[PDB]
Amino acid sequence: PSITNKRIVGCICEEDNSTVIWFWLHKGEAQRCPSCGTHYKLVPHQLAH
Amino acid sequence: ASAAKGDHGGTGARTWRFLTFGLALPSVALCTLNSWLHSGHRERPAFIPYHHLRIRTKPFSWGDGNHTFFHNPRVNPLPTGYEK
Amino acid sequence: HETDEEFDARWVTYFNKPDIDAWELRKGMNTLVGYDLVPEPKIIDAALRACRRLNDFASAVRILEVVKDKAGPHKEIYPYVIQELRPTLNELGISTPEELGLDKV
Amino acid sequence: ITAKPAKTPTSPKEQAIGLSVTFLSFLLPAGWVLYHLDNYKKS
Amino acid sequence: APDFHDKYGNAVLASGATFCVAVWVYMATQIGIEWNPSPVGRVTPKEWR
Amino acid sequence: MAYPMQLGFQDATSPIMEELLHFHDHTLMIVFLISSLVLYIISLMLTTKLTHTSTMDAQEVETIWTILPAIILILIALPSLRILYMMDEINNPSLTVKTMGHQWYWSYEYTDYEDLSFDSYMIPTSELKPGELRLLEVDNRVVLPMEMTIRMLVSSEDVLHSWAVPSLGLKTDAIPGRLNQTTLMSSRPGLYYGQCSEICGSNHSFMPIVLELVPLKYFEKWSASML
Amino acid sequence: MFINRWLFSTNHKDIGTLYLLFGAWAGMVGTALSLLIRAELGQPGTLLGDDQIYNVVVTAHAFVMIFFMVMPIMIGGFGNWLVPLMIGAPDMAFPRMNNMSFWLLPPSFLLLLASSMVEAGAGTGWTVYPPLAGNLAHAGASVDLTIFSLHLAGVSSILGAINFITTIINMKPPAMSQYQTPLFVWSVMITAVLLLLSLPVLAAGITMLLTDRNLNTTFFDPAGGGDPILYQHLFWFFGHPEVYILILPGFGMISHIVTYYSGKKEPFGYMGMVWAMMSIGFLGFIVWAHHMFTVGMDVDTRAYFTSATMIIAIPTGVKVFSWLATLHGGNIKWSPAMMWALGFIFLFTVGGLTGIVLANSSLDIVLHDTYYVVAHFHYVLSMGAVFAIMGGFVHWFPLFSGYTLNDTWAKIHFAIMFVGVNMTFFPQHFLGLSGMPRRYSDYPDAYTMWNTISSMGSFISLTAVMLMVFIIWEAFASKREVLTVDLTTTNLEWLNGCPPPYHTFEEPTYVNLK
Amino acid sequence: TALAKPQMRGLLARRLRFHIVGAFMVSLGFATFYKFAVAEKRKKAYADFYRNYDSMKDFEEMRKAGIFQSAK
Amino acid sequence: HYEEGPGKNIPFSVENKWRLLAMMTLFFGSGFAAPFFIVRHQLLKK
Amino acid sequence: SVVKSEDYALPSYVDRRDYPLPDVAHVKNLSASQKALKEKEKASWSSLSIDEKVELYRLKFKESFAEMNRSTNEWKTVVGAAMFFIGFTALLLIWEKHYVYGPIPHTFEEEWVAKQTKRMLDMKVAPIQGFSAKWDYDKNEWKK
Ligand SMILES: CCCCCCCCCCCCCCCCCC(=O)OCC(COC(=O)CCCCCCCCCCCCCCCCC)OC(=O)CCCCCCCCCCCCCCCCC
Ligand SMILES: CCCCCCCCCCCCCCCCCC(=O)OCC(COC(=O)CCCCCCCCCCCCCCCCC)OC(=O)CCCCCCCCCCCCCCCCC
Ligand SMILES: CCCCCCCCCCCCCCCCCC(=O)OCC(COC(=O)CCCCCCCCCCCCCCCCC)OC(=O)CCCCCCCCCCCCCCCCC
Ligand code: HEA
Ligand code: HEA
Ligand SMILES: CCCCC/C=C/C/C=C/CCCCCCCC(=O)O[C@H](COC(=O)CCCCCCCCCCCCCCC)COP(=O)(O)OCC[N+](C)(C)C
Ligand SMILES: CCCCCC/C=C\CCCCCCCCCC(=O)O[C@H](COC(=O)CCCCCCCCCCCCCCC)COP(=O)(O)OC[C@@H](O)CO
Ligand SMILES: CCCCCC/C=C\CCCCCCCCCC(=O)O[C@H](COC(=O)CCCCCCCCCCCCCCC)COP(=O)(O)OC[C@@H](O)CO
Ligand SMILES: CCCCCC/C=C\CCCCCCCCCC(=O)O[C@H](COC(=O)CCCCCCCCCCCCCCC)COP(=O)(O)OC[C@@H](O)CO
Ligand SMILES: CCCCCCCCCCO[C@H]1O[C@H](CO)[C@@H](O[C@H]2O[C@H](CO)[C@@H](O)[C@H](O)[C@@H]2O)[C@H](O)[C@H]1O
Ligand SMILES: C[C@H](CCC(=O)O)[C@H]1CC[C@H]2[C@@H]3[C@H](O)C[C@@H]4C[C@H](O)CC[C@]4(C)[C@H]3C[C@H](O)[C@]12C
Ligand SMILES: C[C@H](CCC(=O)O)[C@H]1CC[C@H]2[C@@H]3[C@H](O)C[C@@H]4C[C@H](O)CC[C@]4(C)[C@H]3C[C@H](O)[C@]12C
Ligand code: CUA
Ligand SMILES: [Cu+2]
Ligand SMILES: [Mg+2]
Ligand code: NA
Ligand SMILES: [O-]
Ligand SMILES: [Zn+2]
């Protein structure tokens, strides 16, 4: 869930892994982590009233 | 002599294992080594029949009744002098 | 945690996926140059053929550039690999870096 | 790291200045204290 | 084109190393800096009484 | 004393100091090693095109990386601790000289038998006799009998000093209200020089030490000639 | 706006910038003080005058490089810039308090500069030992102004440590365990616990000295039952911990750089590097009496401190051997900043051993208060802590600015600095073997050659320092804008663009629990 | 004529396993050199000096030379 | 809101490189000048 | 080609031997002619010219491996400029000696060294290795 057209995702590809994989996530098709190929999708909403 | 690590703010089982292996046992081994380097038959004391020691007010309930339980003839006199 | 025959197999299987996409093509090449090994020609085969499925001549050259690089000073590896691949190469009209002139400074 | 080209390229000549000015900003005053050293002691 | 290091690499390398060698020798040998080298096989001992 | 271009330690005038030289010689063998293995392995990693950027496993190499250096370190300590306890040792001294540090000279007391006391300043460059060692020479020397065990007590009547004779392997701090004990044994006679080894103010540089070692019988006269 | 932006800030980045600037200025003063020192020793006889004016200069050189250069850049600059961006935090727990930690530092410096212009200045050494530092030898305001420098400078540090630890512990993504934070982040957390626990005891000691000079206490005065040595312990109880403070973040940066420029996706043995610094931290607290082996303390004690001081080599080894493994099968990209890291690894390991020498109470008998000591700690500080600083600075300059430096120039800088510090300090090993004492304006004839050479080195190191001021200009002059950065997938700081916006992570990162 | 299949795996592994020995060797042979060239000389040079040392013949020549204050 | 982007996130101006050289000249130079003028004043008293 | 700052958040292109197939093409936007080559790439690859093959390679990728991996002459400029600045550094030292540094002490004049040297051999300074041991006392000359 995001308030904008992108938001940075961090991917802990396996438990206890020392290194989070970071990348920008965009409105669109789903995006896969460039490490483990796990899929992520942006879900715009808001917080007006 | 202080401590300085700084909160391992994750999961417990894992941090206590870090501490088990990184600190606890390392220091049990440093300590063992420090006695495996000080250990030895250090030379046994001259005998004096000091009355405030080797107290027999009553036989013991075993051996000839004149020998302590964890007796060691090399270092532990009777009232009347060492054995042998 | 596996034999070398499993490794070689596991990767060929990855690259003979028929609805392999170019995200999966780049992934597997960029994952594979990571390892302490020049790939077996039967993988370079499988990949060169995943390019053909994907209508990307370009990446099929780049792959051959990467073979020669992972080798470094072991000069004899690339020439042997380019023997074992000669069939698949002239099957698909894949020209090598050396032929397109992209080994010139 | 990929960069653009410079927006205000600093030619050699311009570089030669900045180098000239910068070396002198350290070197000159230090010199004037260290040269008049003898004078300071006679007091 | 060729780059700064092609056009000027040797000039810089040649003329640095030369200007470097000259001023250092000169500054070491010609202005009466006192280095106080080991006297051994050099100075001839003289009586001090 | 120290001579031009000197690389290493002054020559051992006392046996303790000898012991240090050989111990120091040990410690540098290992230093010269770890520094070369690290300089070598560095260059090794940088001089290949072959690559391996995928995740690598620690446990089994991090074992060599600890158990070796722990052995390398007992090896250094084992003699370091021998030579340190050797500096204490139940020795039998025949003479007890007390030194006091002042802003900026050293006073001496030989008070076993007599009440012999005197100061010890530096020869100003202008007043050195040709042959005399700038910043090192003192008007009144510490005459000590050579080849005997001597007890030196150190204190100061003002700031901190440090009583320091490299060639004998001695350095003990002068701490006001505190009597610090060291022991002095020359294997040879001659002149043996040293300087203040704590910052005491304006003339820290210029308050040196010079021992004169001589026989016992050339000493006892020197003692009697000073009262 | 300007007064609101720079004076009144609550921006972790804008505050980092203030420190990088302060610590850059400090360095200028530190350099001058170091040149003066070697002006005086570069030939025999006397240049300024007596040991007094000489030791005010020596002393000042030490406080500025330590307290106003290395800790301000390394912790307050790179801390405040990188830490929040490496854990996806929007700023610091306590951003108002963060700014007081900055503005307490000009004052702190000015009391220092005041001290050197009042009476005959405080030439006491950086140890400030009674009874020299007392009200009979150093009568006047000088030593009081120096004690006050440190009070303010210790409040900055302790407040800033409370801020980091509370930030690194409390303000990560929920999914993120401590065990998935970068090595720098870890280095700074540990370095803040060392500060938090040692600076209070430093303060306590310099407080008893103020009340010995001013309120007629006798803490360190044998006239009233006191002991000068008591002071040495409290100060060194702080003073060992103070130096693992000065290197730990260098560890951090070095772990970062060697990783990024070897093209690796993480450094070798992450948890190894975590155990290493948590050890170096811990053992750094139980070693303080190795600075006091000629004070006249029981033999049984002296042999503990010898042995305890040497254990530190194992966990420090792990780190040397890790970096070296982080290079193993790397795609080495030969940047300036890699050069800075590589140099660190070898000149830190030189200095690191020269202090295992010193660990032996035996030798330190002869090596105490000689240049050999000066040589050890100028290899770990001048050729480590400053190499980390120039390394980091070189690698991250485009993140803070948005512009590139000229890499050729920046290797020309590395080149000259390498030749300068090694020629400065390699001869100081020889001097202290030949038994040249510390804190002397003038030396016996014998020691001249090395002292000439040592000072020539200090004139090469000056060319370096001047070049780096003109290299910072060029870059700003030229304004080449960073376009694209590699290795972003594993280096979150670079993800918000060079330079990143006033407000970062306004919407926090997504990290899910698997 | 066909080229024969070379070693294609763990090429960097092989390079290290070979050279790790070469660095042991360099160092450990710098070990020997220091023992011979320096340490075993020091021990030989102190023992050789002190073996036939008369500290009275030292004191005597030093006394004739006019260096001492206590011994004219 | 304060200015975003390259040359905007500093408390000086990089809008003209020759004013910038004057600025860095003073900043760094003053700091290096300081110890010298301080040693002067200590010798210039007594 | 042309890259903007503003898209730091978008997948960018890069030449890198450990990432040989990057996330995007070098040339995103195709002319009329480039579109019809991309069309020819859907057919047999034997029906392309060498010219037509090089071009496809240069759309997907900027520098070739041999181009991305070529050595330079940086070092010449890096070594020779260092040696100029280390050179410069002596001009300061010569200035320092000529205008700043007073006359050195008299215990450094030829005479004194000679007298002071014997005085040192007369007290047997460092007689096991360092000084007096480098002197022959019978032949009365430095040892050969
Ligand atoms: C430009 C800077 C100046 C450099 C200085 C060079 C010196 C040139 C002058 C003439 C030179 C003649 C001798 C050359 C050896 C010089 C140093 C040495 O080894 O001296 C040995 C000892 C002292 O030992 C002695 O006791 C000296 C005895 C020498 C006997 C040899 C036979 C006779 C020839 C020598 C004459 C003296 C004999 C009389 C004396 C007898 C006993 C004292 O010094 C020490 O302890 C120094 C402590 C430093 C430890 C740092 C660790 C190493 C860092 C780098 C390692 C990798 C290399 C990369 C390296 C890269 C990084 C640097
Ligand atoms: C309308 C009136 C407003 C009134 C308010 C005041 C006046 C405002 C102007 C009017 C308002 C309009 C807006 C100004 C636009 C900029 C114009 C300018 O260039 O104006 C110049 C300004 C601002 O000056 C500065 O900022 C100082 C830096 C000087 C330039 C050198 C550049 C450094 C290069 C090295 C960087 C590399 C490292 C970092 C690299 C990393 C990059 C991020 O001058 C001043 O009026 C000084 C004001 C103080 C500001 C804080 C400075 C931080 C102090 C650091 C400690 C010093 C050490 C001493 C310590 C103490 C010892 C005694
Ligand atoms: C080399 C180990 C260094 C050890 C030192 C450690 C301790 C001290 C720190 C010291 C650490 C510094 C080491 C410097 C060596 C770098 C040379 C290099 O590989 O050059 C870099 C390359 C990069 O090449 C590329 O564009 C991409 C190709 C991929 C990388 C190439 C190299 C990879 C290895 C392959 C080698 C070939 C096979 C050989 C096979 C093996 C041969 C036997 O650029 C070029 O072509 C040339 C551009 C180089 C510009 C920098 C010069 C450095 C000057 C420093 C002077 C300091 C001392 C004072 C000096 C001046 C004052 C007088
Ligand atoms: C960043 C600063 C810094 C660092 C990192 C160090 C690191 C060390 N220091 Fe030092 N030190 C100072 C700054 C520093 N020091 C300062 C300023 C003083 C003087 C204060 C003053 O008096 O003015 C001082 C003084 C000092 C003394 C007092 C000397 C004297 O006053 O006479 C001693 C004694 O033990 C000492 C020891 C050590 C040790 C054991 C390390 C260790 O941390 C080094 C460990 C690292 C290595 C050894 C290299 C890596 C390890 C390996 C490659 C493993 C293999 C090694 C072996 C098998 C041995 N230091
Ligand atoms: C961090 C600490 C540090 C640093 C860096 C230095 C650097 C140097 N020091 Fe110092 N020194 C000490 C701390 C330090 N020193 C201490 C603690 C003592 C003991 C004090 C005492 O006895 O009481 C000492 C003592 C000391 C002595 C002995 C004094 C005596 O006993 O008489 C000498 C003699 O030459 C000396 C020389 C030098 C030289 C030539 C440098 C040169 O190597 C420096 C060259 C210049 C630089 C390295 C500049 C770097 C500037 C920057 C990096 C800023 C730029 C950054 C940005 C823009 C972000 N030092
Ligand atoms: C004090 C000085 C002492 C020096 C210490 C010396 C260490 C000795 C070690 C020597 C072995 C060399 C190993 C490093 C090269 C990389 C090895 C590699 O690439 O191995 C892969 C590692 O990846 C995996 O599993 C993942 C696990 C990784 C395991 C391999 C890496 C371990 C070593 C890395 C440390 C380098 C440090 C050197 C510099 C200090 C495994 O692949 P495979 O199973 O298919 O291989 C099969 C090959 N066979 C059939 C010929 C055996
Ligand atoms: C490694 C840590 C262990 C600490 C616990 C040990 C404490 C006490 C043990 C002493 C018991 C013996 C009592 C009789 C002897 C006097 C005390 C003593 O032995 O220590 C004296 C006073 O120091 C002192 O306790 C100094 C005062 C104590 C300071 C302790 C140091 C650590 C402090 C930091 C702790 C912070 C934690 C937070 C607080 C809860 C100093 O030595 P002297 O004896 O003058 O030596 C005279 C010579 O002639 C030697 O021959
Ligand atoms: C002996 C004493 C004399 C001094 C020795 C010389 C010192 C150093 C000069 C170094 C010359 C440049 C180094 C080569 C490459 C890096 C910088 C450069 O030349 O600048 C390039 C300008 O391009 C272009 O020719 C566009 C046109 C601008 C050219 C910029 C350089 C021209 C001037 C250089 C000479 C300065 C003379 C100094 C005299 C005091 C831009 O950088 P790139 O090469 O695109 O890559 C860098 C990447 O970060 C970007 O993605
Ligand atoms: C002889 C003279 C020597 C000089 C001494 C004087 C020096 C400084 C005096 C100035 C101090 C008074 C000013 C008030 C400071 C309060 C700071 C504070 O209390 O900060 C709080 C956090 O600190 C917390 O709790 C935890 C930290 C609380 C500490 C409170 C302030 C400490 C000041 C004294 C430090 C002494 C050091 C003690 C150890 C030796 C709040 O954080 P802020 O970012 O503010 O806001 C964040 C918002 O979310 C709040 O709504
Ligand atoms: C250690 C840090 C710095 C080391 C290197 C410094 C080299 C000094 C650079 C030149 O600086 C000086 O130059 C002149 C001397 O050459 C001085 O002129 C002095 O001498 C002239 C003639 O001798 C006079 O006419 C001038 O007014 C003046 O008095 C001048 O004032 C001073 O700035
Ligand atoms: C258990 C702990 C953390 C690993 C993890 O939980 O992820 C690991 C990481 C660092 C390890 C230590 C270091 O790697 C250094 C030592 C390595 C030796 O082979 C065993 C003991 C040794 C002292 C290790 C014990 C244990 O294996 C540690 C402490
Ligand atoms: C140095 C300090 C006293 C401080 C002071 O006098 O003010 C004392 C307090 C506790 C002491 C330690 C503890 O008594 C325990 C150890 C006892 C051993 O005989 C010596 C090492 C040993 C680890 C001690 C070393 C040192 O003397 C310590 C650390
Ligand atoms: Cu008395 Cu220094
Ligand atoms: Cu310490
Ligand atoms: Mg001391
Ligand atoms: Na001098
Ligand atoms: O230290
Ligand atoms: Zn993933």
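Order of listing sets the numbers, starting from 1, for every ligand and every atom in it. In what follows, every heavy atom counts, from backbone to side chain, and hydrogens, waters and symmetry copies are set aside. Numbers restart at 1 for each chain; the letters A, B, ... are given by sequence-line order, proteins then strands.
Of the possible polar contacts, one joining the G/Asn360 side chain to the G/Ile356 backbone as a donor-acceptor pair under 3.5 Å is found. In this structure, the side chain of G/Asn331 does not engage the main chain of G/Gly263 through any donor-acceptor pair within 3.5 Å. Side chain of E/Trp24 to main chain of J/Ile86: a donor-acceptor pair is present (N/O by atom type, distance under 3.5 Å, no hydrogens or angles). Counting only distance, with no hydrogens or angles, the side chain of G/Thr424 and the backbone of G/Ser458 share a donor-acceptor pair below 3.5 Å. Of the possible polar contacts, one joining the G/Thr306 side chain to the G/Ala359 backbone as a donor-acceptor pair under 3.5 Å is found.
Protein heavy atoms are absent from the space less than 4.0 angstrom from atom 9 (C) of ligand 3. In this structure, atom 46 (O) of ligand 3 has a protein heavy-atom contact shorter than 4.0 Å. When distances from atom 32 (C) of ligand 3 to the protein are checked, a heavy atom turns up under 4.0 Å. Of the protein's heavy atoms, at least one falls inside 4.0 Å of atom 29 (C) of ligand 3. Of the protein's heavy atoms, none falls inside 4.0 Å of atom 40 (C) of ligand 3. When distances from atom 24 (O) of ligand 3 to the protein are checked, no heavy atom turns up under 4.0 Å. For atom 61 (C) of ligand 3, no protein non-hydrogen atom is found at a distance below 4.0 Å.
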Would C/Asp69 and J/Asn69 count as a side chain to side chain donor-acceptor pair (under 3.5 Å) here? Give the steps. CA-CA 10 Å; C/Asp69 203 50; J/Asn69 283 357; 3.3 Å; yes

Under the side chain to side chain donor-acceptor pair (under 3.5 Å) criterion, do G/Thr408 and J/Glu74 qualify, and how do the steps go? CA-CA 7 Å; G/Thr408 300; J/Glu74 205 171 50; 3.0 Å; yes

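For atom 54 (C) of ligand 3, the nearest non-hydrogen atom of the protein is J/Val78 CG1, 3.7 Å. Annotation: atom 35 (C) of ligand 3 to nearest protein heavy atom, F/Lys49 NZ, 4.0 Å. Residue, atom and distance of the protein heavy atom nearest to atom 48 (C) of ligand 3 are J/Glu74 CB, 3.5 Å. For atom 51 (C) of ligand 3, the closest non-hydrogen atom on the protein side is G/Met339 CE, 3.8 Å. Protein heavy atom at the shortest distance from atom 58 (C) of ligand 3 is G/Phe418 CD2, 4.3 Å. Of all protein heavy atoms, the one lying nearest to atom 59 (C) of ligand 3 is G/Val419 CG2, 4.3 Å. Among all non-hydrogen protein atoms, the one lying nearest atom 38 (C) of ligand 3 is F/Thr47 O, 4.7 Å. Nearest protein heavy-atom contact of atom 4 (C) of ligand 3 is F/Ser43 CB, 4.4 Å.
Residue nearest to atom 7 (C) of ligand 3, selected from F/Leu39, G/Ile332, F/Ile42, J/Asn73: F/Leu39 (by heavy-atom distance). Checking J/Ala81, G/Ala415, J/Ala82 against atom 56 (C) of ligand 3, the nearest heavy atom belongs to G/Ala415. Scanning G/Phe414, F/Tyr40, G/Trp334 for the heavy atom closest to atom 19 (O) of ligand 3 points to G/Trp334.
Side-chain contact check for G/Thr326 and G/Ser262: no donor-acceptor pair (N or O, by modelled atom type) lies under 3.5 Å. A donor-acceptor pair shorter than 3.5 Å can be found between the side chains of G/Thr309 and G/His290.
The existence of a salt bridge linking J/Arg70 and J/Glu63 is confirmed by a sub-4.0 Å separation between a basic side-chain nitrogen and an acidic carboxylate oxygen. Between J/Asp15 and J/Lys62, none of the side-chain N atoms (NZ, or NE/NH1/NH2) sits under 4.0 Å from a carboxylate O, so this pair counts as no salt bridge.
Judged by the shortest distance from any of its heavy atoms, F/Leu46 lies inside the 4.0 Å radius around the atoms of ligand 3. Using a 4.0 Å cutoff on heavy atoms, J/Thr72 counts as a contact of ligand 3. For J/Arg70, the heavy-atom gap to ligand 3 drops under 4.0 angstrom.
Ring planes of F/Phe32 and H/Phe30: tilted class, angle from 30 to 60°.
Across all their heavy atoms, G/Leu367 and G/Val373 have their closest contact at O-CG2, 3.3 Å.
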Output block, N or O contacts of ligand 12, threshold 3.5 Å exclusive:
from      : atom 1 : to       : atom 2 : distance (Å)
ligand 12 : 27 (O) : G/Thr301 : OG1    : 3.1

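By the side-chain contact (heavy atoms from CB on, under 4.5 Å) test, G/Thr217 pairs with G/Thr211, G/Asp212, G/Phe219, sequence neighbours left out.
The atoms of ligand 3 that sit less than 4.0 Å from any heavy atom of J/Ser71 are 46 (O).
Remark: of the listed residues G/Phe344, G/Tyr379, G/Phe348, G/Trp340, G/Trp340 is the sole one forming a ring-ring contact (aromatic ring centres under 6.0 Å, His included) with G/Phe387. When each of G/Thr301, G/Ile365, G/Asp364 is tested with G/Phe293 by the rule side chain to side chain contact (heavy atoms under 4.5 Å, CB included), just one qualifies, namely G/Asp364.
Atom-to-atom distance recorded for F/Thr47:OG1 and F/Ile42:CD1 is 11.5 Å, nearest 0.5 angstrom.
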